[PDB]
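Shown here: run-v8.txt, compact mmCIF, C-alpha atoms.
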```txt
# COMPACT_ATOMS: atom_id res chain seq x y z
CA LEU V 12 115.87 166.32 82.08
CA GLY V 13 117.36 165.94 78.58
CA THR V 14 118.56 162.96 76.58
CA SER V 15 122.11 163.83 75.53
CA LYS V 16 124.57 160.93 75.97
CA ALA V 17 127.11 163.72 76.29
CA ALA V 18 125.17 165.12 79.33
CA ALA V 19 124.50 161.58 80.62
CA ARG V 20 128.26 160.93 80.49
CA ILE V 21 129.00 164.13 82.47
CA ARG V 22 126.42 163.13 85.11
CA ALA V 23 127.86 159.62 85.48
CA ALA V 24 131.37 161.08 85.86
CA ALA V 25 130.12 163.73 88.28
CA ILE V 26 128.50 161.03 90.44
CA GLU V 27 131.81 159.18 90.72
CA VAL V 28 133.70 162.44 91.43
CA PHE V 29 131.02 163.73 93.83
CA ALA V 30 131.23 160.37 95.65
CA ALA V 31 135.09 160.50 95.70
CA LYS V 32 136.05 164.13 96.52
CA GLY V 33 132.80 165.34 98.11
CA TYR V 34 130.35 167.63 96.29
CA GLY V 35 131.56 170.87 97.95
CA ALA V 36 135.22 170.17 97.17
CA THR V 37 134.80 169.06 93.54
CA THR V 38 134.58 171.53 90.67
CA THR V 39 133.23 170.96 87.17
CA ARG V 40 136.92 171.30 86.10
CA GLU V 41 137.75 168.14 88.01
CA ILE V 42 134.79 166.51 86.17
CA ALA V 43 135.47 167.64 82.57
CA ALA V 44 139.13 166.81 83.16
CA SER V 45 138.32 163.34 84.45
CA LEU V 46 136.45 162.86 81.14
CA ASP V 47 139.54 164.09 79.22
CA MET V 48 137.81 167.27 78.12
CA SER V 49 138.43 171.01 78.32
CA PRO V 50 136.80 172.55 81.45
CA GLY V 51 134.39 174.51 79.23
CA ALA V 52 133.16 171.26 77.65
CA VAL V 53 130.65 170.83 80.50
CA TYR V 54 129.40 174.45 80.38
CA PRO V 55 127.11 173.84 77.34
CA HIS V 56 125.28 171.16 79.32
CA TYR V 57 125.63 172.46 82.86
CA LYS V 58 126.37 176.15 83.40
CA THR V 59 126.78 175.66 87.17
CA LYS V 60 127.79 172.86 89.55
CA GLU V 61 124.34 173.14 91.15
CA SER V 62 122.62 172.64 87.80
CA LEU V 63 124.54 169.38 87.42
CA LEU V 64 123.65 168.20 90.93
CA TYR V 65 119.99 169.05 90.23
CA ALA V 66 120.12 167.03 86.99
CA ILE V 67 121.60 164.05 88.90
CA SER V 68 119.03 164.34 91.70
CA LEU V 69 116.06 164.79 89.35
CA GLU V 70 117.16 161.86 87.21
CA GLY V 71 117.51 159.66 90.31
CA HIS V 72 114.26 160.77 91.97
CA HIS V 73 112.22 160.41 88.76
CA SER V 74 113.82 157.07 87.99
CA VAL V 75 112.92 155.43 91.34
CA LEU V 76 109.40 156.94 91.09
CA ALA V 77 109.05 155.59 87.52
CA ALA V 78 110.34 152.21 88.78
CA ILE V 79 107.81 151.63 91.56
CA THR V 80 104.99 153.20 89.56
CA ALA V 81 105.62 150.72 86.71
CA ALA V 82 105.78 148.06 89.46
CA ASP V 83 102.29 148.94 90.78
CA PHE V 84 99.23 147.25 89.23
CA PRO V 85 95.94 148.56 90.56
CA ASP V 86 94.20 145.53 89.05
CA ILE V 87 95.80 143.04 91.49
CA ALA V 88 95.38 142.42 95.23
CA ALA V 89 97.02 144.95 97.56
CA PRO V 90 99.49 142.46 99.13
CA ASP V 91 100.84 141.58 95.63
CA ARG V 92 101.05 145.31 94.81
CA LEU V 93 103.11 145.80 97.98
CA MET V 94 105.42 142.87 97.21
CA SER V 95 105.97 144.28 93.72
CA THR V 96 106.62 147.90 94.55
CA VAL V 97 108.81 147.05 97.59
CA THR V 98 110.84 144.65 95.40
CA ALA V 99 111.32 147.36 92.69
CA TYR V 100 112.00 150.02 95.29
CA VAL V 101 114.68 148.07 97.21
CA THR V 102 116.29 146.70 93.98
CA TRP V 103 116.47 150.24 92.55
CA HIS V 104 118.17 151.49 95.66
CA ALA V 105 120.79 148.69 95.63
CA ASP V 106 121.56 148.99 91.85
CA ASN V 107 121.55 152.82 91.77
CA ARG V 108 123.11 153.45 95.17
CA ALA V 109 125.91 155.79 93.96
CA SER V 110 123.52 158.01 92.09
CA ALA V 111 121.05 157.67 95.00
CA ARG V 112 123.61 158.88 97.55
CA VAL V 113 124.54 161.98 95.50
CA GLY V 114 120.86 162.75 94.92
CA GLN V 115 119.91 162.29 98.58
CA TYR V 116 122.85 163.62 100.61
CA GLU V 117 123.45 166.94 98.83
CA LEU V 118 119.83 168.30 98.86
CA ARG V 119 121.04 171.18 101.03
CA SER V 120 123.00 172.34 97.97
CA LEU V 121 119.98 172.64 95.66
CA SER V 122 118.54 176.03 94.70
CA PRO V 123 115.06 176.82 96.14
CA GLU V 124 113.22 176.03 92.88
CA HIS V 125 115.18 172.81 92.46
CA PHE V 126 114.65 171.78 96.08
CA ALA V 127 110.85 172.26 95.77
CA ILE V 128 110.74 170.06 92.65
CA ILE V 129 112.74 167.23 94.24
CA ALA V 130 110.69 167.32 97.46
CA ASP V 131 107.56 167.04 95.36
CA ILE V 132 108.92 163.90 93.63
CA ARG V 133 109.82 162.46 97.05
CA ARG V 134 106.28 163.09 98.29
CA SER V 135 104.92 161.24 95.20
CA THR V 136 107.25 158.30 95.85
CA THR V 137 105.88 157.85 99.37
CA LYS V 138 102.29 158.24 98.13
CA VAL V 139 102.72 155.13 95.89
CA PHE V 140 103.12 153.11 99.04
CA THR V 141 100.39 154.89 101.03
CA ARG V 142 97.88 154.25 98.20
CA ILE V 143 98.72 150.51 98.22
CA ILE V 144 98.51 150.34 102.01
CA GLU V 145 95.18 152.19 101.90
CA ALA V 146 93.91 149.86 99.17
CA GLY V 147 94.65 146.82 101.38
CA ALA V 148 93.02 148.37 104.40
CA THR V 149 89.87 149.00 102.31
CA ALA V 150 89.89 145.34 101.23
CA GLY V 151 90.54 143.96 104.75
CA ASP V 152 93.91 142.59 103.57
CA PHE V 153 95.91 144.98 105.76
CA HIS V 154 95.52 146.15 109.37
CA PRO V 155 98.11 148.93 109.71
CA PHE V 156 98.63 150.68 113.01
CA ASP V 157 99.36 153.86 111.13
CA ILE V 158 99.37 154.15 107.36
CA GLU V 159 101.75 157.14 107.15
CA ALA V 160 104.18 155.48 109.64
CA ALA V 161 104.14 152.30 107.52
CA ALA V 162 104.80 154.18 104.25
CA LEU V 163 107.61 156.19 105.95
CA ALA V 164 109.23 153.05 107.32
CA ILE V 165 109.18 151.36 103.91
CA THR V 166 110.53 154.40 102.07
CA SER V 167 113.13 154.81 104.81
CA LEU V 168 114.34 151.16 104.45
CA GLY V 169 114.74 151.41 100.65
CA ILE V 170 116.61 154.71 100.85
CA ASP V 171 118.97 153.40 103.54
CA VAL V 172 119.88 150.41 101.37
CA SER V 173 121.79 152.94 99.23
CA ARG V 174 123.97 153.70 102.27
CA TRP V 175 124.95 150.22 103.50
CA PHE V 176 124.63 147.99 100.45
CA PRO V 177 126.39 145.69 99.64
CA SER V 178 127.09 143.93 102.96
CA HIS V 179 128.61 140.49 103.57
CA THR V 180 125.10 139.10 104.05
CA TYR V 181 123.41 141.12 101.39
CA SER V 182 125.25 141.62 98.14
CA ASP V 183 122.42 140.34 95.91
CA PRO V 184 119.56 142.92 95.49
CA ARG V 185 117.04 140.09 95.01
CA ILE V 186 117.76 138.62 98.47
CA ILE V 187 117.48 141.91 100.34
CA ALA V 188 114.26 142.84 98.51
CA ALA V 189 112.75 139.45 99.37
CA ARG V 190 113.59 139.94 103.05
CA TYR V 191 112.16 143.46 103.04
CA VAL V 192 109.04 142.30 101.26
CA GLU V 193 108.36 139.83 104.13
CA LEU V 194 108.87 142.61 106.68
CA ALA V 195 106.67 145.16 104.84
CA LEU V 196 103.78 142.68 104.71
CA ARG V 197 104.24 142.02 108.42
CA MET V 198 104.41 145.75 109.16
CA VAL V 199 101.04 146.42 107.52
CA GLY V 200 99.59 143.40 109.35
CA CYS V 201 98.99 141.24 106.27
CA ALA V 202 98.68 137.43 106.73
CA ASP V 203 101.85 135.39 105.94
CA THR Y 14 140.47 162.25 127.42
CA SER Y 15 141.81 165.54 126.02
CA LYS Y 16 139.86 168.79 126.08
CA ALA Y 17 141.50 170.01 122.86
CA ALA Y 18 140.77 166.73 121.03
CA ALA Y 19 137.17 166.70 122.32
CA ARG Y 20 136.60 170.23 120.99
CA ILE Y 21 138.08 169.29 117.63
CA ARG Y 22 135.66 166.35 117.41
CA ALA Y 23 132.66 168.53 118.35
CA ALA Y 24 133.55 171.23 115.83
CA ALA Y 25 134.31 168.62 113.12
CA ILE Y 26 130.88 166.98 113.65
CA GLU Y 27 129.19 170.27 112.85
CA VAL Y 28 131.35 171.22 109.83
CA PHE Y 29 131.25 167.65 108.48
CA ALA Y 30 127.46 167.56 108.88
CA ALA Y 31 127.12 171.06 107.30
CA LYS Y 32 129.67 171.02 104.40
CA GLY Y 33 130.01 167.25 103.95
CA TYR Y 34 133.09 165.33 105.05
CA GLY Y 35 134.98 165.33 101.71
CA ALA Y 36 134.41 169.08 101.34
CA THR Y 37 136.07 170.09 104.63
CA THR Y 38 139.75 170.24 105.59
CA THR Y 39 141.27 169.99 109.04
CA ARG Y 40 142.50 173.54 108.38
CA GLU Y 41 138.89 174.78 108.28
CA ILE Y 42 138.11 172.80 111.45
CA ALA Y 43 141.15 174.50 113.12
CA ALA Y 44 139.88 177.80 111.68
CA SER Y 45 136.39 177.23 113.10
CA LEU Y 46 137.86 176.88 116.62
CA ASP Y 47 140.35 179.69 115.95
CA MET Y 48 143.08 177.22 116.96
CA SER Y 49 146.54 178.03 115.55
CA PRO Y 50 147.91 176.15 112.53
CA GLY Y 51 149.05 172.60 113.39
CA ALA Y 52 147.02 172.34 116.63
CA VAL Y 53 144.99 169.52 115.13
CA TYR Y 54 147.89 167.27 114.05
CA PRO Y 55 149.03 166.03 117.54
CA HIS Y 56 145.43 164.83 118.09
CA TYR Y 57 144.46 163.90 114.50
CA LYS Y 58 147.24 163.34 111.97
CA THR Y 59 144.73 162.91 109.12
CA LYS Y 60 141.18 163.99 108.41
CA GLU Y 61 140.32 160.22 108.23
CA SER Y 62 141.54 159.64 111.82
CA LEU Y 63 139.17 162.38 113.01
CA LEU Y 64 136.29 160.80 111.05
CA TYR Y 65 137.26 157.51 112.67
CA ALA Y 66 137.30 158.92 116.21
CA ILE Y 67 133.89 160.58 115.59
CA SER Y 68 132.33 157.37 114.19
CA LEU Y 69 133.84 155.32 117.06
CA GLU Y 70 132.46 157.65 119.70
CA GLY Y 71 128.99 157.76 118.10
CA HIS Y 72 128.85 153.98 117.66
CA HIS Y 73 129.95 153.26 121.27
CA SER Y 74 127.36 155.75 122.50
CA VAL Y 75 124.35 154.24 120.68
CA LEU Y 76 125.43 150.73 121.72
CA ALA Y 77 125.77 151.91 125.37
CA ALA Y 78 122.33 153.52 125.05
CA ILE Y 79 120.47 150.42 123.81
CA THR Y 80 122.45 148.14 126.11
CA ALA Y 81 121.41 150.24 129.10
CA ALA Y 82 117.84 149.87 127.73
CA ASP Y 83 117.94 146.09 127.54
CA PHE Y 84 116.92 143.88 130.48
CA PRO Y 85 117.80 140.22 129.79
CA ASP Y 86 115.62 138.89 132.61
CA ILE Y 87 112.34 140.52 131.49
CA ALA Y 88 109.95 139.39 128.70
CA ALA Y 89 111.26 139.77 125.15
CA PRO Y 90 108.51 142.06 123.75
CA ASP Y 91 109.22 144.51 126.59
CA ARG Y 92 112.97 144.37 125.87
CA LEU Y 93 112.20 145.10 122.19
CA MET Y 94 110.06 148.05 123.17
CA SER Y 95 112.62 149.49 125.54
CA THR Y 96 115.57 148.99 123.16
CA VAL Y 97 113.85 150.30 120.02
CA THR Y 98 112.66 153.37 121.93
CA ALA Y 99 116.22 154.06 123.14
CA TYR Y 100 117.60 153.38 119.67
CA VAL Y 101 115.19 155.76 117.92
CA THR Y 102 115.51 158.51 120.54
CA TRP Y 103 119.35 158.41 120.49
CA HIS Y 104 119.25 158.90 116.69
CA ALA Y 105 116.84 161.82 116.89
CA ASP Y 106 118.86 163.31 119.80
CA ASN Y 107 122.32 162.84 118.18
CA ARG Y 108 121.61 163.30 114.52
CA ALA Y 109 124.62 165.43 113.43
CA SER Y 110 127.01 162.97 115.06
CA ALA Y 111 125.08 159.96 113.69
CA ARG Y 112 124.99 161.43 110.17
CA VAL Y 113 128.76 161.91 110.19
CA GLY Y 114 129.50 158.57 111.88
CA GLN Y 115 127.16 156.60 109.63
CA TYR Y 116 127.06 158.25 106.17
CA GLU Y 117 130.79 158.42 105.46
CA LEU Y 118 131.88 154.88 106.33
CA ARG Y 119 133.32 154.51 102.82
CA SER Y 120 135.82 157.25 103.76
CA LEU Y 121 137.25 155.09 106.59
CA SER Y 122 140.39 152.96 106.18
CA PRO Y 123 139.88 149.14 106.10
CA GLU Y 124 141.22 148.81 109.64
CA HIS Y 125 138.90 151.53 110.86
CA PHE Y 126 135.92 150.35 108.85
CA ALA Y 127 136.16 146.82 110.34
CA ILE Y 128 136.55 148.19 113.87
CA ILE Y 129 133.34 150.21 113.35
CA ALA Y 130 131.60 147.16 111.78
CA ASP Y 131 132.50 145.16 114.92
CA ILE Y 132 130.51 147.76 116.93
CA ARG Y 133 127.56 147.79 114.50
CA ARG Y 134 127.42 143.97 114.64
CA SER Y 135 127.33 144.27 118.47
CA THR Y 136 124.59 146.84 118.05
CA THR Y 137 122.55 144.57 115.78
CA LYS Y 138 123.22 141.66 118.20
CA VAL Y 139 121.26 143.45 120.96
CA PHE Y 140 118.21 143.21 118.69
CA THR Y 141 118.89 139.74 117.34
CA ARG Y 142 119.59 138.40 120.85
CA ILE Y 143 116.19 139.88 121.90
CA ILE Y 144 114.32 138.55 118.85
CA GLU Y 145 115.95 135.14 119.48
CA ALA Y 146 114.82 135.13 123.15
CA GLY Y 147 111.31 136.10 121.98
CA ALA Y 148 111.07 133.39 119.35
CA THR Y 149 112.52 130.73 121.71
CA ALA Y 150 109.95 131.76 124.34
CA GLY Y 151 106.97 131.85 121.88
CA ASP Y 152 106.36 135.65 121.88
CA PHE Y 153 107.68 136.20 118.35
CA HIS Y 154 107.40 134.29 115.12
CA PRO Y 155 110.07 135.89 112.93
CA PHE Y 156 110.62 134.96 109.26
CA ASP Y 157 114.31 135.88 109.43
CA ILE Y 158 115.98 137.12 112.59
CA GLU Y 159 119.01 138.75 110.94
CA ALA Y 160 116.75 140.47 108.40
CA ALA Y 161 114.47 141.94 111.11
CA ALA Y 162 117.40 143.16 113.27
CA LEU Y 163 118.96 144.73 110.19
CA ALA Y 164 115.70 146.49 109.31
CA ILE Y 165 115.32 147.78 112.89
CA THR Y 166 118.92 149.07 112.94
CA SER Y 167 118.49 150.67 109.53
CA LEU Y 168 115.24 152.40 110.51
CA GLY Y 169 116.88 153.93 113.55
CA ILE Y 170 119.95 155.10 111.67
CA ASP Y 171 117.81 156.66 108.94
CA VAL Y 172 116.00 158.81 111.52
CA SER Y 173 119.20 160.89 111.71
CA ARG Y 174 118.77 161.70 108.01
CA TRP Y 175 115.10 162.84 107.97
CA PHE Y 176 114.20 163.96 111.53
CA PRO Y 177 112.39 166.30 112.16
CA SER Y 178 109.92 166.03 109.28
CA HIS Y 179 106.47 167.41 108.67
CA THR Y 180 105.08 164.17 109.99
CA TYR Y 181 107.36 163.59 113.04
CA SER Y 182 109.10 166.24 115.13
CA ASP Y 183 108.80 164.59 118.57
CA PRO Y 184 111.29 161.74 119.13
CA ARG Y 185 108.84 159.96 121.48
CA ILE Y 186 106.14 159.78 118.78
CA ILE Y 187 108.37 158.31 116.07
CA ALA Y 188 109.78 155.94 118.70
CA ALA Y 189 106.25 154.79 119.62
CA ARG Y 190 105.43 154.29 115.89
CA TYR Y 191 108.63 152.36 115.26
CA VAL Y 192 108.08 150.14 118.31
CA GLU Y 193 104.71 149.15 116.80
CA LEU Y 194 106.36 148.35 113.45
CA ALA Y 195 109.20 146.33 115.01
CA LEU Y 196 106.77 144.23 117.08
CA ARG Y 197 104.74 143.54 113.90
CA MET Y 198 107.92 142.74 111.98
CA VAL Y 199 108.83 139.87 114.31
CA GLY Y 200 105.31 138.42 114.52
CA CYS Y 201 104.00 139.78 117.79
CA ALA Y 202 100.19 139.83 118.33
CA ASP Y 203 98.54 143.33 118.39
```
Could you take the file, read its structure, and then write that structure out as structure tokens?
Amino acid sequence: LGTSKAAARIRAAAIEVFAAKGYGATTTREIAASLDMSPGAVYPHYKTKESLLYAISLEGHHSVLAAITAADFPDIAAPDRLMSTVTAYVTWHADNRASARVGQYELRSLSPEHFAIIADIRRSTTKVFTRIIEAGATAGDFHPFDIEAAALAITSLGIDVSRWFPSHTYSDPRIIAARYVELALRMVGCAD
Amino acid sequence: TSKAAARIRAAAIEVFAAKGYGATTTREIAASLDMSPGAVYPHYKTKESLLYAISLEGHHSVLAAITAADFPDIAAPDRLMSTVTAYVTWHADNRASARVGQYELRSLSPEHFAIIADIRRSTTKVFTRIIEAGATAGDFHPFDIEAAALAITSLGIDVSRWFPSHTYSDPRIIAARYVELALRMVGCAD
């Protein structure tokens, strides 16, 4: 993706602006201006709006993938793996909700090459959960009705956190993750 | 009940879903119906009021749907099955409207937001009231009733984002799968 704090700063500002004015209505000029720069100050980093959205979406998709992957430990029991990855997944989605929304909701705006790369990262994200669920089935820890349905439901819950969070009940990521951990274990038919 | 207002809502749903809410003006929505300039204003004085009327309609509709699918005098697992099925199917069947009514709540005014949240709470209540009846009758052994009802509601809403996918393109199949998950969630046997 790159490493420039200058680019990172443009992406952060674009997220805020994309969230405020809508992606289709905002221009890079809004963004560079909001950062007190000349409109051409973004061009070195992002030649097009779409390039900037792709950077945001890639960053976000890779980050949540990196998060749950680092949270998975194939040397521990499957239920513990599921607690850990669900915790990291839900927490990520609460903490990075603004970036997550921009990444998720504007996929229709990505070029074909960029869309195919993002979809591939999304497939990998789900597969982290399916592997864990499979592992537990193999060990007799889990008794899923349907492994793919279970992985979908879990990925779906984490992603939707970025929409509704924070609520009056759930404003602490740790509390929502704990609740969703209990439900995920129940979903895959693990003992309590 | 105005024909002109109803058409504005329908057209806005599609433009809002296609271009994103922030990215569209009421001018473009008037343009899309080839209505003359200013035809929108007597019905919707702001873009936000149109968003509000769309969200309000969609929220009343899904609540009506799951309410009609609940039967307070029958066993709780059956109520859960009937209501989740209706909830999932509505979301698959009304996805454009759901997407608009659910994914832009931060664009609503405080007054409007809280009105909508009153309806969502009523929506979640249908599920919590059923999980409560199930626990208090011995069918269910939930860890946390609010948490389970939240997760059910969130699963259904999220259908409007992803459906149809490679894995599910028939609303009845994803409904069936989500009924299984919801029953498991609340501690039902099987």
task: Tell me, as number ranges by chain, which residues lie within 10 Å of segment 33-44 of chain V, counting only C-alpha atoms; anything in the same chain fewer than 5 positions away does not count.
output: V: 21-28, 49-54, 57-61, 63-64, 113, 116-117, 120; Y: 32-38
query: Near chain Y, which residues of chain V fall within 7 Å when you count only C-alpha atoms, and what do they look like as a list in words?
result: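 Therefore, the residues near the partner are residues 32, 33, 34, 35, 36, 160, 164, 167, 168, 171, 174, 190, 194, 197, 198 and 200 of chain V.
Candidate residues V:133, V:108, V:92, V:56 were compared for distance to residue 73 of chain V, and the nearest is V:133, using only C-alpha atoms.
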field: Shell around residue 75 of chain V at 9 Å using all atoms listed in the file, local window under 5 positions removed, as a list in words
entry: residues 70, 80, 99, 100, 103, 104 and 136 of chain V
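Of the residues under consideration (V:72, V:125, V:112, V:134), V:134 shows the shortest atom-to-atom contact distance to residue 163 of chain V when counting all atoms listed in the file.
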Close residues, residue 182 of chain Y itself excluded, 12 Å, only C-alpha atoms, min 5 positions apart in chain, as a PDB file with C-alpha atoms, in the frame of the given file:
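This went into result.pdb:
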```pdb
ATOM      1  CA  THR Y 102     115.510 158.510 120.540  1.00  0.00           C
ATOM      2  CA  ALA Y 105     116.840 161.820 116.890  1.00  0.00           C
ATOM      3  CA  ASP Y 106     118.860 163.310 119.800  1.00  0.00           C
ATOM      4  CA  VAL Y 172     116.000 158.810 111.520  1.00  0.00           C
ATOM      5  CA  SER Y 173     119.200 160.890 111.710  1.00  0.00           C
ATOM      6  CA  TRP Y 175     115.100 162.840 107.970  1.00  0.00           C
ATOM      7  CA  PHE Y 176     114.200 163.960 111.530  1.00  0.00           C
ATOM      8  CA  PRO Y 177     112.390 166.300 112.160  1.00  0.00           C
ATOM      9  CA  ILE Y 187     108.370 158.310 116.070  1.00  0.00           C
ATOM     10  CA  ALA Y 188     109.780 155.940 118.700  1.00  0.00           C
TER      11      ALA Y 188
END
```
field: Distance of atom CA of residue 118 of chain V from atom CA of residue 130 of chain V, expressed in Å to one decimal place
entry: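 Interatomic distance, atom CA of residue 130 of chain V to atom CA of residue 118 of chain V: 9.3 Å.
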For atom CA of residue 109 of chain V and atom CA of residue 121 of chain Y, the interatomic separation in Å (one decimal):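 Distance between the two atoms: 17.0 Å.
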